[PDB]
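To start, the structure itself, in structure tokens.
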There are 2 protein chains.
Amino acid sequence: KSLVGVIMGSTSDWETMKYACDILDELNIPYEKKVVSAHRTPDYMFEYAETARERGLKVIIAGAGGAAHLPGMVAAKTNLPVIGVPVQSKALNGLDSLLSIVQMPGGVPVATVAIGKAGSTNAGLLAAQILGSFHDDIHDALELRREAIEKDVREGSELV
Amino acid sequence: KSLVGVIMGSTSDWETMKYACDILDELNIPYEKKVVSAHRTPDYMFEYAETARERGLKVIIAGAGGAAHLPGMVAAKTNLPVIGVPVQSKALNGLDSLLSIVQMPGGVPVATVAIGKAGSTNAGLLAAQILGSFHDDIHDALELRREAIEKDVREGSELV
């Protein structure tokens with residue numbers, strides 16, 4: 001049973017959103033991934049969000065660029081934590097994506113991460129952290145993962 | 001036993017961070033509030049972050065402005081979810097705060113919310129949502145709060 005839903009407005013955002021999914025896979029967290037568009041499939045977006053809780057999801061990761069409304073509108077329709085990944089847009093390099101996602105009004109939080117693939121990775125990790133707040137096995141896995149990277153960086157980053 | 005830690009670098013940030021605490025008070029979620037500075041008390045910041053999980057905290061809300069490093073450095077030191085509130089800075093109106101918080105690299109997510117008061121309110125709600133991913137009573141209270149606001153706004157839609 002999926003614990004995290006990873007959604008995005010278009011297939012073109014997949015190369016960004018796959019980073020989140022890779023993290024979930026690495027950590028063996030069950031998830032689903034779907035294209036759900038705020039602007040092209042608005043009714044479907046509402047159905048997806050409003051039924052997430054009953055479907056067993058605990059966290060939603062939503063990616064969008066430009067006038068990026070997907071994370072906020074999903075957030076307006078569920079009280080699951082919603083993590084917003086600003087996709088890097090062509091003209092404004094994700095500045096529009098960022099402001100469109102992060103500047104939510106009081107009452108409807110969206111947990112916003114960095115523009116692009118770094119943010120996407122981080123959305124997966126943040127979802128895992130949210131689960132880890134109550135599943136010690138996931139928290140332990142996150143700790144070990146971080147420890148392993150710390151060692152790799154401190155001990156195996158030779159400069160020539 | 002506090003479930004949320006609400007921290008900020010300066011007593012002057014309280015004007016912003018109070019809003020997150022008002023939400024927690026409203027939802028009867030036990031929390032602690034402290035002045036922890038990334039730049040003025042860096043050792044204390046590491047100790048606070050390191051010991052949060054042991055102490056029973058499940059989420060940390062951190063507010064900072066300007067070259068805002070508090071949320072990110074706390075996040076580097078704990079696998080609890082960390083919510084970053086960008087405080088509105090004087091010269092750049094929180095643009096510096098926002099970018100210095102949200103643009104975290106892969107491996108160390110910070111759940112970033114809006115600049116200022118709206119963001120602070122939302123950090124409290126987001127922490128509650130994170131708790132609500134395990135605690136059905138908190139999730140239900142969030143749903144009820146939102147439903148009452150919906151009614152106040154909808155059965156109040158007339159501009160007279």
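Simple scheme: letters A, B, ... for chains in structure tokens order, numbers from 1 for residues in each chain, numbers from 1 for ligands in the order shown.
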- Task: Taking the chain letters and numbering used in this document, name the residues of stretch 6-139 of chain B that DSSP puts in strand (DSSP E), as a PyMOL selection string.
- Result: chain B and resi 6-8+31-35+59-65+82-87+111-112
### Task
Within 6 Å of chain A, which residues of chain B are there when counting only C-alpha atoms? Please give them as a PyMOL selection string.
chain B and resi 58+80-81+102-106+109+111-114+118+121-122+126+129+133
Writing out the chosen residues with C-alpha atoms as a PDB file, in the first residue's frame:
```pdb
ATOM      1  CA  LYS B  58       9.080  15.122  16.201  1.00  0.00           C
ATOM      2  CA  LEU B  80      13.530  15.095  12.082  1.00  0.00           C
ATOM      3  CA  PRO B  81      11.560  17.164   9.528  1.00  0.00           C
ATOM      4  CA  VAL B 102      14.740  26.975   0.323  1.00  0.00           C
ATOM      5  CA  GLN B 103      17.721  26.194  -1.968  1.00  0.00           C
ATOM      6  CA  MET B 104      19.116  23.363   0.132  1.00  0.00           C
ATOM      7  CA  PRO B 105      21.257  20.735  -1.631  1.00  0.00           C
ATOM      8  CA  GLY B 106      20.331  17.107  -2.147  1.00  0.00           C
ATOM      9  CA  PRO B 109      15.713  18.991   2.963  1.00  0.00           C
ATOM     10  CA  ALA B 111      10.338  22.313   4.353  1.00  0.00           C
ATOM     11  CA  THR B 112      10.098  25.999   3.397  1.00  0.00           C
ATOM     12  CA  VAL B 113       7.030  28.169   3.877  1.00  0.00           C
ATOM     13  CA  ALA B 114       6.090  31.696   2.906  1.00  0.00           C
ATOM     14  CA  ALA B 118       1.580  33.688   6.673  1.00  0.00           C
ATOM     15  CA  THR B 121       1.095  30.394  10.736  1.00  0.00           C
ATOM     16  CA  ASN B 122       1.595  27.725   8.073  1.00  0.00           C
ATOM     17  CA  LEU B 126       2.454  21.955   8.658  1.00  0.00           C
ATOM     18  CA  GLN B 129      -0.085  17.903   9.568  1.00  0.00           C
ATOM     19  CA  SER B 133       0.118  11.658   9.621  1.00  0.00           C
TER      20      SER B 133
END
```
Original post:
Separation of atom CA of residue B:75 and atom CA of residue B:47, in Å?
Top reply: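 Distance between the two atoms: 12.3 Å.
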Could you tell me which of A:148, A:153, A:141, A:68 comes closest to residue A:85 if we count only C-alpha atoms?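 So, comparing all the options, the nearest one is A:68.
Here atom CA of residue B:7 stands at a distance of 22.1 Å from atom CA of residue B:138.
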Determine which residues of chain A DSSP labels as helix (DSSP H, G or I) from the backbone of this structure, then write them out as an mmCIF file with N, CA, C and O atoms, in the first residue's frame.
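Output below, filename part_6.cif:
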```cif
data_model
loop_
_atom_site.group_PDB
_atom_site.id
_atom_site.type_symbol
_atom_site.label_atom_id
_atom_site.label_comp_id
_atom_site.auth_asym_id
_atom_site.auth_seq_id
_atom_site.Cartn_x
_atom_site.Cartn_y
_atom_site.Cartn_z
ATOM 1 N N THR A 11 4.275 15.013 -18.288
ATOM 2 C CA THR A 11 5.327 14.021 -18.478
ATOM 3 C C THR A 11 6.672 14.740 -18.581
ATOM 4 O O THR A 11 7.695 14.160 -18.212
ATOM 5 N N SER A 12 6.691 16.003 -19.020
ATOM 6 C CA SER A 12 7.980 16.699 -19.185
ATOM 7 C C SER A 12 8.675 16.991 -17.860
ATOM 8 O O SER A 12 9.888 17.221 -17.835
ATOM 9 N N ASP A 13 7.916 16.949 -16.765
ATOM 10 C CA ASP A 13 8.464 17.155 -15.438
ATOM 11 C C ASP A 13 9.036 15.862 -14.855
ATOM 12 O O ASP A 13 9.641 15.881 -13.788
ATOM 13 N N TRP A 14 8.835 14.742 -15.534
ATOM 14 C CA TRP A 14 9.285 13.455 -15.006
ATOM 15 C C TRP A 14 10.768 13.377 -14.732
ATOM 16 O O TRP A 14 11.182 12.810 -13.698
ATOM 17 N N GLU A 15 11.612 13.959 -15.582
ATOM 18 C CA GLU A 15 13.046 13.821 -15.287
ATOM 19 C C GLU A 15 13.419 14.538 -14.019
ATOM 20 O O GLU A 15 14.374 14.123 -13.365
ATOM 21 N N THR A 16 12.658 15.567 -13.649
ATOM 22 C CA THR A 16 12.877 16.226 -12.360
ATOM 23 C C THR A 16 12.313 15.360 -11.235
ATOM 24 O O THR A 16 12.996 15.091 -10.255
ATOM 25 N N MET A 17 11.076 14.892 -11.393
ATOM 26 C CA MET A 17 10.389 14.182 -10.308
ATOM 27 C C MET A 17 10.878 12.791 -10.016
ATOM 28 O O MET A 17 10.652 12.280 -8.930
ATOM 29 N N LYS A 18 11.564 12.174 -10.968
ATOM 30 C CA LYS A 18 12.117 10.852 -10.754
ATOM 31 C C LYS A 18 13.101 10.833 -9.590
ATOM 32 O O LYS A 18 13.223 9.820 -8.903
ATOM 33 N N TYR A 19 13.787 11.951 -9.340
ATOM 34 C CA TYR A 19 14.762 12.024 -8.239
ATOM 35 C C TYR A 19 14.126 11.705 -6.880
ATOM 36 O O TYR A 19 14.734 11.004 -6.072
ATOM 37 N N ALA A 20 12.922 12.228 -6.643
ATOM 38 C CA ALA A 20 12.165 11.938 -5.421
ATOM 39 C C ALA A 20 11.844 10.439 -5.360
ATOM 40 O O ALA A 20 11.970 9.789 -4.312
ATOM 41 N N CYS A 21 11.401 9.905 -6.490
ATOM 42 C CA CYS A 21 11.000 8.511 -6.577
ATOM 43 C C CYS A 21 12.184 7.587 -6.320
ATOM 44 O O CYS A 21 12.021 6.573 -5.633
ATOM 45 N N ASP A 22 13.357 7.958 -6.832
ATOM 46 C CA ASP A 22 14.574 7.172 -6.614
ATOM 47 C C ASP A 22 14.878 7.043 -5.120
ATOM 48 O O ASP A 22 15.286 5.966 -4.659
ATOM 49 N N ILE A 23 14.681 8.129 -4.374
ATOM 50 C CA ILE A 23 14.925 8.124 -2.932
ATOM 51 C C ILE A 23 13.967 7.169 -2.253
ATOM 52 O O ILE A 23 14.384 6.364 -1.415
ATOM 53 N N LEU A 24 12.691 7.268 -2.599
ATOM 54 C CA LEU A 24 11.682 6.387 -2.011
ATOM 55 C C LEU A 24 12.025 4.933 -2.296
ATOM 56 O O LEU A 24 11.959 4.085 -1.395
ATOM 57 N N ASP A 25 12.430 4.652 -3.529
ATOM 58 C CA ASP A 25 12.837 3.291 -3.886
ATOM 59 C C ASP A 25 14.029 2.801 -3.077
ATOM 60 O O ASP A 25 14.036 1.663 -2.601
ATOM 61 N N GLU A 26 15.025 3.663 -2.930
ATOM 62 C CA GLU A 26 16.217 3.358 -2.182
ATOM 63 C C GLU A 26 15.886 2.989 -0.734
ATOM 64 O O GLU A 26 16.456 2.044 -0.183
ATOM 65 N N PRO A 42 -8.061 19.683 -13.926
ATOM 66 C CA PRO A 42 -8.404 20.206 -12.598
ATOM 67 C C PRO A 42 -9.339 19.312 -11.759
ATOM 68 O O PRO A 42 -9.114 19.141 -10.566
ATOM 69 N N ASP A 43 -10.369 18.759 -12.378
ATOM 70 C CA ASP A 43 -11.317 17.885 -11.640
ATOM 71 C C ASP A 43 -10.604 16.654 -11.083
ATOM 72 O O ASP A 43 -10.783 16.273 -9.929
ATOM 73 N N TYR A 44 -9.746 16.071 -11.899
ATOM 74 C CA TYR A 44 -8.961 14.926 -11.484
ATOM 75 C C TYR A 44 -8.019 15.274 -10.334
ATOM 76 O O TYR A 44 -7.842 14.481 -9.417
ATOM 77 N N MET A 45 -7.421 16.463 -10.379
ATOM 78 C CA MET A 45 -6.547 16.913 -9.311
ATOM 79 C C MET A 45 -7.329 16.972 -8.006
ATOM 80 O O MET A 45 -6.848 16.522 -6.961
ATOM 81 N N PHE A 46 -8.534 17.524 -8.052
ATOM 82 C CA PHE A 46 -9.363 17.573 -6.831
ATOM 83 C C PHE A 46 -9.696 16.161 -6.325
ATOM 84 O O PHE A 46 -9.611 15.903 -5.127
ATOM 85 N N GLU A 47 -10.039 15.248 -7.222
ATOM 86 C CA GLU A 47 -10.378 13.885 -6.806
ATOM 87 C C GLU A 47 -9.181 13.227 -6.159
ATOM 88 O O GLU A 47 -9.298 12.584 -5.119
ATOM 89 N N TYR A 48 -8.026 13.361 -6.799
ATOM 90 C CA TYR A 48 -6.795 12.779 -6.282
ATOM 91 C C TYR A 48 -6.479 13.241 -4.859
ATOM 92 O O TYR A 48 -6.192 12.423 -3.970
ATOM 93 N N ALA A 49 -6.509 14.553 -4.657
ATOM 94 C CA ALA A 49 -6.210 15.153 -3.360
ATOM 95 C C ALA A 49 -7.214 14.762 -2.290
ATOM 96 O O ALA A 49 -6.830 14.348 -1.186
ATOM 97 N N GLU A 50 -8.500 14.877 -2.614
ATOM 98 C CA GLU A 50 -9.534 14.670 -1.600
ATOM 99 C C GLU A 50 -9.639 13.222 -1.128
ATOM 100 O O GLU A 50 -10.039 12.989 0.004
ATOM 101 N N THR A 51 -9.210 12.266 -1.963
ATOM 102 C CA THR A 51 -9.278 10.847 -1.636
ATOM 103 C C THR A 51 -7.948 10.270 -1.131
ATOM 104 O O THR A 51 -7.882 9.091 -0.791
ATOM 105 N N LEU A 70 -0.151 23.390 -8.840
ATOM 106 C CA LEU A 70 -0.458 22.030 -8.417
ATOM 107 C C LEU A 70 -0.256 21.759 -6.902
ATOM 108 O O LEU A 70 -1.173 21.267 -6.261
ATOM 109 N N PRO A 71 0.911 22.094 -6.330
ATOM 110 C CA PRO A 71 1.095 21.815 -4.901
ATOM 111 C C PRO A 71 0.079 22.539 -4.030
ATOM 112 O O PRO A 71 -0.504 21.938 -3.128
ATOM 113 N N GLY A 72 -0.189 23.794 -4.337
ATOM 114 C CA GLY A 72 -1.087 24.584 -3.504
ATOM 115 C C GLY A 72 -2.532 24.149 -3.557
ATOM 116 O O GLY A 72 -3.250 24.212 -2.552
ATOM 117 N N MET A 73 -2.989 23.781 -4.750
ATOM 118 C CA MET A 73 -4.357 23.344 -4.905
ATOM 119 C C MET A 73 -4.590 21.973 -4.319
ATOM 120 O O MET A 73 -5.650 21.705 -3.808
ATOM 121 N N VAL A 74 -3.598 21.093 -4.408
ATOM 122 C CA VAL A 74 -3.678 19.802 -3.741
ATOM 123 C C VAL A 74 -3.702 20.032 -2.217
ATOM 124 O O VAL A 74 -4.516 19.437 -1.493
ATOM 125 N N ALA A 75 -2.831 20.924 -1.744
ATOM 126 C CA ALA A 75 -2.786 21.270 -0.316
ATOM 127 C C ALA A 75 -4.118 21.827 0.217
ATOM 128 O O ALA A 75 -4.466 21.602 1.385
ATOM 129 N N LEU A 95 12.081 30.736 -10.979
ATOM 130 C CA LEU A 95 11.754 31.811 -10.010
ATOM 131 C C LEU A 95 10.224 31.931 -9.903
ATOM 132 O O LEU A 95 9.659 32.071 -8.804
ATOM 133 N N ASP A 96 9.555 31.852 -11.057
ATOM 134 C CA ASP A 96 8.109 31.810 -11.083
ATOM 135 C C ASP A 96 7.579 30.558 -10.363
ATOM 136 O O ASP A 96 6.698 30.666 -9.525
ATOM 137 N N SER A 97 8.178 29.391 -10.621
ATOM 138 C CA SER A 97 7.771 28.169 -9.967
ATOM 139 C C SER A 97 7.855 28.297 -8.452
ATOM 140 O O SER A 97 6.949 27.934 -7.709
ATOM 141 N N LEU A 98 8.974 28.832 -8.006
ATOM 142 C CA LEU A 98 9.237 28.964 -6.588
ATOM 143 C C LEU A 98 8.218 29.851 -5.894
ATOM 144 O O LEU A 98 7.644 29.442 -4.899
ATOM 145 N N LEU A 99 8.038 31.063 -6.405
ATOM 146 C CA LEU A 99 7.154 32.019 -5.763
ATOM 147 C C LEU A 99 5.711 31.536 -5.782
ATOM 148 O O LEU A 99 4.993 31.716 -4.806
ATOM 149 N N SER A 100 5.333 30.833 -6.856
ATOM 150 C CA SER A 100 3.987 30.294 -7.033
ATOM 151 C C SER A 100 3.651 29.206 -6.049
ATOM 152 O O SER A 100 2.496 29.004 -5.726
ATOM 153 N N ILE A 101 4.671 28.500 -5.570
ATOM 154 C CA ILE A 101 4.508 27.408 -4.651
ATOM 155 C C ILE A 101 4.694 27.869 -3.203
ATOM 156 O O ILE A 101 3.891 27.557 -2.324
ATOM 157 N N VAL A 102 5.759 28.611 -2.934
ATOM 158 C CA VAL A 102 6.093 28.868 -1.530
ATOM 159 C C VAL A 102 5.223 29.875 -0.808
ATOM 160 O O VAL A 102 4.984 29.739 0.388
ATOM 161 N N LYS A 117 16.140 19.402 -9.530
ATOM 162 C CA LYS A 117 16.434 18.023 -9.149
ATOM 163 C C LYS A 117 16.906 17.857 -7.714
ATOM 164 O O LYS A 117 16.577 16.875 -7.078
ATOM 165 N N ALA A 118 17.638 18.844 -7.192
ATOM 166 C CA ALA A 118 18.064 18.831 -5.798
ATOM 167 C C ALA A 118 16.843 18.857 -4.898
ATOM 168 O O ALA A 118 16.768 18.140 -3.920
ATOM 169 N N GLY A 119 15.885 19.707 -5.234
ATOM 170 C CA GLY A 119 14.648 19.786 -4.496
ATOM 171 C C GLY A 119 13.880 18.487 -4.573
ATOM 172 O O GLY A 119 13.322 18.029 -3.589
ATOM 173 N N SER A 120 13.859 17.883 -5.753
ATOM 174 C CA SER A 120 13.146 16.647 -5.938
ATOM 175 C C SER A 120 13.730 15.536 -5.052
ATOM 176 O O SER A 120 13.000 14.848 -4.338
ATOM 177 N N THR A 121 15.049 15.406 -5.056
ATOM 178 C CA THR A 121 15.711 14.468 -4.157
ATOM 179 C C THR A 121 15.250 14.731 -2.745
ATOM 180 O O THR A 121 14.851 13.810 -2.004
ATOM 181 N N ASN A 122 15.308 16.004 -2.368
ATOM 182 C CA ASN A 122 14.924 16.425 -1.027
ATOM 183 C C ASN A 122 13.473 16.213 -0.660
ATOM 184 O O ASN A 122 13.167 15.989 0.506
ATOM 185 N N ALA A 123 12.583 16.236 -1.643
ATOM 186 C CA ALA A 123 11.179 15.947 -1.394
ATOM 187 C C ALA A 123 11.029 14.486 -0.983
ATOM 188 O O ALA A 123 10.274 14.172 -0.074
ATOM 189 N N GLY A 124 11.754 13.598 -1.655
ATOM 190 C CA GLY A 124 11.736 12.184 -1.286
ATOM 191 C C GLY A 124 12.244 11.994 0.128
ATOM 192 O O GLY A 124 11.657 11.256 0.909
ATOM 193 N N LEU A 125 13.342 12.683 0.459
ATOM 194 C CA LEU A 125 13.935 12.567 1.788
ATOM 195 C C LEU A 125 13.028 13.169 2.839
ATOM 196 O O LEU A 125 12.888 12.599 3.910
ATOM 197 N N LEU A 126 12.392 14.296 2.522
ATOM 198 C CA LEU A 126 11.483 14.935 3.469
ATOM 199 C C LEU A 126 10.271 14.036 3.725
ATOM 200 O O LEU A 126 9.835 13.873 4.868
ATOM 201 N N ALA A 127 9.726 13.421 2.671
ATOM 202 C CA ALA A 127 8.625 12.465 2.867
ATOM 203 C C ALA A 127 9.047 11.346 3.810
ATOM 204 O O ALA A 127 8.310 10.992 4.735
ATOM 205 N N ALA A 128 10.239 10.797 3.572
ATOM 206 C CA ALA A 128 10.788 9.745 4.411
ATOM 207 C C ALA A 128 10.953 10.250 5.841
ATOM 208 O O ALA A 128 10.641 9.527 6.782
ATOM 209 N N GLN A 129 11.422 11.491 6.004
ATOM 210 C CA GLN A 129 11.560 12.069 7.351
ATOM 211 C C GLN A 129 10.228 12.173 8.091
ATOM 212 O O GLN A 129 10.175 11.924 9.294
ATOM 213 N N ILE A 130 9.175 12.544 7.372
ATOM 214 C CA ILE A 130 7.837 12.663 7.937
ATOM 215 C C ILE A 130 7.368 11.279 8.417
ATOM 216 O O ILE A 130 6.857 11.130 9.533
ATOM 217 N N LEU A 131 7.583 10.265 7.584
ATOM 218 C CA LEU A 131 7.275 8.883 7.965
ATOM 219 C C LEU A 131 8.159 8.430 9.135
ATOM 220 O O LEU A 131 7.699 7.778 10.086
ATOM 221 N N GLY A 132 9.434 8.818 9.082
ATOM 222 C CA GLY A 132 10.409 8.448 10.093
ATOM 223 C C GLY A 132 10.084 9.021 11.461
ATOM 224 O O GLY A 132 10.598 8.531 12.452
ATOM 225 N N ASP A 136 10.450 4.177 13.302
ATOM 226 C CA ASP A 136 11.871 4.147 13.659
ATOM 227 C C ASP A 136 12.792 3.467 12.647
ATOM 228 O O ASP A 136 13.960 3.835 12.557
ATOM 229 N N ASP A 137 12.298 2.462 11.923
ATOM 230 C CA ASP A 137 13.123 1.779 10.910
ATOM 231 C C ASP A 137 13.521 2.750 9.781
ATOM 232 O O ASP A 137 14.639 2.687 9.273
ATOM 233 N N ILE A 138 12.595 3.617 9.383
ATOM 234 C CA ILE A 138 12.865 4.606 8.323
ATOM 235 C C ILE A 138 13.819 5.667 8.855
ATOM 236 O O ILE A 138 14.759 6.049 8.166
ATOM 237 N N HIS A 139 13.616 6.107 10.094
ATOM 238 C CA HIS A 139 14.522 7.095 10.673
ATOM 239 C C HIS A 139 15.924 6.534 10.738
ATOM 240 O O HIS A 139 16.890 7.201 10.377
ATOM 241 N N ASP A 140 16.048 5.288 11.166
ATOM 242 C CA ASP A 140 17.365 4.659 11.266
ATOM 243 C C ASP A 140 18.032 4.577 9.900
ATOM 244 O O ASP A 140 19.224 4.827 9.787
ATOM 245 N N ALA A 141 17.256 4.240 8.878
ATOM 246 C CA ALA A 141 17.758 4.155 7.512
ATOM 247 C C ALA A 141 18.251 5.531 7.028
ATOM 248 O O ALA A 141 19.291 5.629 6.365
ATOM 249 N N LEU A 142 17.510 6.584 7.363
ATOM 250 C CA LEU A 142 17.908 7.947 6.980
ATOM 251 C C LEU A 142 19.228 8.303 7.655
ATOM 252 O O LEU A 142 20.116 8.887 7.029
ATOM 253 N N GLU A 143 19.335 7.977 8.937
ATOM 254 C CA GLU A 143 20.576 8.224 9.681
ATOM 255 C C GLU A 143 21.758 7.504 9.065
ATOM 256 O O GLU A 143 22.801 8.105 8.856
ATOM 257 N N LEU A 144 21.610 6.216 8.773
ATOM 258 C CA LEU A 144 22.711 5.462 8.173
ATOM 259 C C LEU A 144 23.102 6.034 6.828
ATOM 260 O O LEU A 144 24.288 6.088 6.507
ATOM 261 N N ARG A 145 22.102 6.398 6.036
ATOM 262 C CA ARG A 145 22.324 6.956 4.712
ATOM 263 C C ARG A 145 23.150 8.229 4.805
ATOM 264 O O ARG A 145 24.134 8.380 4.089
ATOM 265 N N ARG A 146 22.746 9.126 5.703
ATOM 266 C CA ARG A 146 23.454 10.391 5.903
ATOM 267 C C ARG A 146 24.886 10.184 6.378
ATOM 268 O O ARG A 146 25.810 10.841 5.886
ATOM 269 N N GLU A 147 25.061 9.251 7.319
ATOM 270 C CA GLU A 147 26.369 8.877 7.847
ATOM 271 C C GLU A 147 27.282 8.378 6.731
ATOM 272 O O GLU A 147 28.460 8.696 6.695
ATOM 273 N N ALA A 148 26.733 7.567 5.830
ATOM 274 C CA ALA A 148 27.550 6.996 4.742
ATOM 275 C C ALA A 148 28.038 8.087 3.794
ATOM 276 O O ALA A 148 29.192 8.057 3.377
ATOM 277 N N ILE A 149 27.182 9.071 3.521
ATOM 278 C CA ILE A 149 27.535 10.205 2.653
ATOM 279 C C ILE A 149 28.589 11.074 3.338
ATOM 280 O O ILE A 149 29.543 11.508 2.699
ATOM 281 N N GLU A 150 28.417 11.307 4.639
ATOM 282 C CA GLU A 150 29.374 12.114 5.416
ATOM 283 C C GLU A 150 30.773 11.530 5.263
ATOM 284 O O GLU A 150 31.740 12.263 4.999
ATOM 285 N N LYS A 151 30.879 10.204 5.403
ATOM 286 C CA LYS A 151 32.158 9.533 5.270
ATOM 287 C C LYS A 151 32.725 9.653 3.858
ATOM 288 O O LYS A 151 33.901 9.968 3.696
ATOM 289 N N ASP A 152 31.890 9.399 2.852
ATOM 290 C CA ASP A 152 32.311 9.491 1.458
ATOM 291 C C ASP A 152 32.871 10.877 1.135
ATOM 292 O O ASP A 152 33.899 10.999 0.475
ATOM 293 N N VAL A 153 32.198 11.909 1.614
ATOM 294 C CA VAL A 153 32.612 13.277 1.342
ATOM 295 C C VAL A 153 33.881 13.669 2.086
ATOM 296 O O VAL A 153 34.800 14.212 1.487
ATOM 297 N N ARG A 154 33.937 13.369 3.381
ATOM 298 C CA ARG A 154 35.095 13.718 4.191
ATOM 299 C C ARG A 154 36.334 12.932 3.784
ATOM 300 O O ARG A 154 37.442 13.477 3.739
ATOM 301 N N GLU A 155 36.149 11.651 3.473
ATOM 302 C CA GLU A 155 37.281 10.777 3.174
ATOM 303 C C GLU A 155 37.574 10.472 1.707
ATOM 304 O O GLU A 155 38.652 9.985 1.407
#
```
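When only C-alpha atoms are used to measure the gap to residue B:2, the shortest distance among B:160, B:35, B:27, B:52 belongs to B:52.
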